[PDB]
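Next up: just one chain, as structure tokens, the form deposited in one PDB entry.
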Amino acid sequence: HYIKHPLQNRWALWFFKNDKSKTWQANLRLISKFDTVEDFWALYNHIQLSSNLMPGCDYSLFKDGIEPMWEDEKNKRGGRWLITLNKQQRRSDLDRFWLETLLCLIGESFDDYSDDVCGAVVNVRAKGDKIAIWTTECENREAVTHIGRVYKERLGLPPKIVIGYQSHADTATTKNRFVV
């Protein structure tokens, strides 16, 4: 209890402020970095909930040294598992899904495919909120599909409900490379 509990990885929380007068990259803001469980909660418990963000804003949680953008060396050959949520329940459920996603990352829930995880992003959007897990290599089928399945399970989505993975290259130029 008196000693801090180390995480496997150091993580960085980023915030994207919707400001149309600036370039996309200039609207990114590094909030803080942490590498223990206690320091995660100290950060999480004292920042604004996703459900209280303005539309067009994002939070991103990425491994230290990976910027939360397509162009990063660790993202550019990769892709995302994308979850698009109904608007009605944002007040009720966005925060829960985002926290569950954060806990998957920091707890290293993806087993032997932890190295493939880059981070996660929540987009607060008028057309529907999105949460996604970003991975490093779209060609790594085993890793991508394991991460997908574990993530789907941790969100509680049933067997019927299929989610899709798309490469960042395809998004930035959309079909699913993989589904689980």
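Each form is matched to the other, and the largest set of C-alpha atoms that superpose within 1.5 Å is called the rigid core. Throughout, we count residues from 1 along the sequence that is shown.
One more form of this protein, deposited in another entry, exists but is not displayed; see below.
Annotation: the position in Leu30, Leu155, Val37, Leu49 displaced by at least 2 Å at CA between the shown form and the other one, with the core superposed, corresponds to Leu49. The gap between the Cα atoms of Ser51 and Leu155 is larger in the other form, by no less than 3 Å, than in this form. Relative to the shown form, the Cα atoms of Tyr151 and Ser51 move apart by 3 Å or more in the other form.
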